[PDB]
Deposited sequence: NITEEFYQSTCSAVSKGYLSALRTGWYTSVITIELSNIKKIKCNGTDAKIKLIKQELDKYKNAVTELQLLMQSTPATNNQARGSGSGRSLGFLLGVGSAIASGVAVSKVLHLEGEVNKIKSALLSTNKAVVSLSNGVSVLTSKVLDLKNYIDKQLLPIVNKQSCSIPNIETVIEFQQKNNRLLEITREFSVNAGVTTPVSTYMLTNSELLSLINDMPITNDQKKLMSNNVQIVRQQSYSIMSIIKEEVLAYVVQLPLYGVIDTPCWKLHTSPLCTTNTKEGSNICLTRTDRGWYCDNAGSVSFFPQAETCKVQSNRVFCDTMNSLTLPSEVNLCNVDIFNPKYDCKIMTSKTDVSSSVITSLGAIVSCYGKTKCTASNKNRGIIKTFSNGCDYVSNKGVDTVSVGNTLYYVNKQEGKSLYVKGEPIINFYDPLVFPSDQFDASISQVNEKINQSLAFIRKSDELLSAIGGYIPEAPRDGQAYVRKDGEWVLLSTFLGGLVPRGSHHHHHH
């Protein structure tokens, strides 16, 4: 069950109670389709049925050759603001799968696979480098061509096919056509992976025989729609009468640990005169999951997809942070973990729809309200950073933008605090910090207070030094703070 805590002090909330499906790795499978290799159609009848069959044949031919052009080029793909994204690492998503694709070209590797599938589809092949992979043959097109159309390639008259065969071949061959089309516009790498690349029945019957937990098996096969989006299909080869491509599939190595989504919104002062305001916003936005005694961190909402209570994320775009980061939802000033924040001068009305509610930052004359579908507006917001639960609320309107709130259920707790923007002195408070921490702001402050300390102590230190005596052509002596004339004493 999902709960949410809002922190009035840090203009942030946390959505707690989720579960983590974490993509930790890959498993590469080899999908294949058997293809009769036919360069020459010699049948001279003319009967519309023969004609249509020949048309589909040419479609198949051009499909093959298209795919060969695809095979020559080695496949590749490519897969900030108030977010910490810029801190992320950089990785090669399909690197694994591509290594397998290479291994397939190796002379005689194909034949290992063709010889593994004699007595049944879906079987294990170990490759020359001893990386073992599932291989599944999802289409036998060569068989149908043989058992069905063989008159039309090698005979001239060439007995006439019945129209049922025409329909059937169009049906069968279509899959190859679509797989080819996809690989064409996508330069040989597709994600998510199609129903044409793997049928639900095929992908489940793959998952089932992968080397993983029954909890993992159960987890993918419940979530197939997600599994697809985290998978790739890589065009590999077409040779020796088999088209073969690798589908690299996500290995979830961290299942059912706690996860929470941290939400952030502009904090800011209420000073009635404009431009005189100082403003502070936490930059630790996004997903957090317990992983292996640490906490992982997904700064980018694109990395994470939310099915009900499970949060599927990709560790590839993530950082792994020591657990003490959970502090800043309580003591943002706690020194054991230094929390990251941006600072600036620009007070602009913003709002952020959270899991169980909505944060609202209302600054200036902007009108901020929350309304119910029946009762109309049920709350008007003052200037500041506030929050409202999803219970009894439907819409949150801020300025001219009308936000709808998620209606999924859970308990929501408002946690009062004094807005930490108030603890800062406007004069020494830097707004030039784009990417910053709490202590780095403390540091630019300690320097801009320091040069006040030094300049004031220097100005007071020349107090204790004596001015010039008069220029009047008399000699002067020092007596209790002043100059006196020497004449006084003689």
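Which deposited-sequence positions, grouped into ranges, are missing C-alpha coordinates?
Counting from residue 1, the stretches without coordinates are 80 to 85, 497 to 510.
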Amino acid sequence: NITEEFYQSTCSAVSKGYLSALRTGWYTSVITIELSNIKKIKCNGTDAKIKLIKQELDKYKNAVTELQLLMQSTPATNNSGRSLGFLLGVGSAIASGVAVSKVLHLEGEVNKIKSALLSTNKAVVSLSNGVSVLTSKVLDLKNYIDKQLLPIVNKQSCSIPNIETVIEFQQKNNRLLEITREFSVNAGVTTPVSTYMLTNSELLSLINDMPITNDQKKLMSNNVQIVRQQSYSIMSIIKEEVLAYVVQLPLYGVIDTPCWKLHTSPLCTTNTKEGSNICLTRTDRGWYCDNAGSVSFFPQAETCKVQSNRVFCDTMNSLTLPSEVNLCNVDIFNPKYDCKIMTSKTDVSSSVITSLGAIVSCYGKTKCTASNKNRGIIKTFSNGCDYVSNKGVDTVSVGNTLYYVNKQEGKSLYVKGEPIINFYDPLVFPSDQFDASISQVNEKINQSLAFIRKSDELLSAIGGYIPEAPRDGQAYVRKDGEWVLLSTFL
From here on, numbers count along this sequence of modelled residues.
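Quick one: say whether 199 to 207 or 415 to 423 has the higher mean Cα B-factor in the deposited entry.
Comparing averages over the C-alpha atoms only gives 415 to 423.
Mean CA temperature factor from the deposited coordinates, higher in 481 to 489 or in 2 to 10?
So the stretch with the higher mean C-alpha B-factor is 2 to 10.
Could you check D284, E182, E168, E409 and tell me which one carries the biggest Cα B-factor in the deposited entry?
Out of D284, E182, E168, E409, the record gives the largest C-alpha B-factor to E409.
In the PDB entry, which of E56, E443, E66, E34 has its C-alpha at the highest B-factor?
The record points to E443.
Thinking about Cα B factors across the chain, which third does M235 belong to?
Tercile = lowest for this residue's CA B-factor.
Sorting the chain's CA B-factors, does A436 end up in the lowest, middle or highest third?
Highest third, going by the recorded CA B-factors of the chain.
Lowest, middle or highest third of the chain for the C-alpha temperature factor of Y288?
Its C-alpha B-factor, which the entry lists for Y288, ranks in the lowest third among residues of this chain.
Name the third of the chain's ranked CA B-factors that contains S29, choosing lowest, middle or highest.
Within its chain, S29 is a lowest-third residue by C-alpha B-factor, going by the deposited values.
Using the B-factor values recorded in the entry, state whether the Cα atom of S115 falls in the lowest, middle or highest third among the modelled residues of its chain.
CA B-factor rank for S115: middle third.
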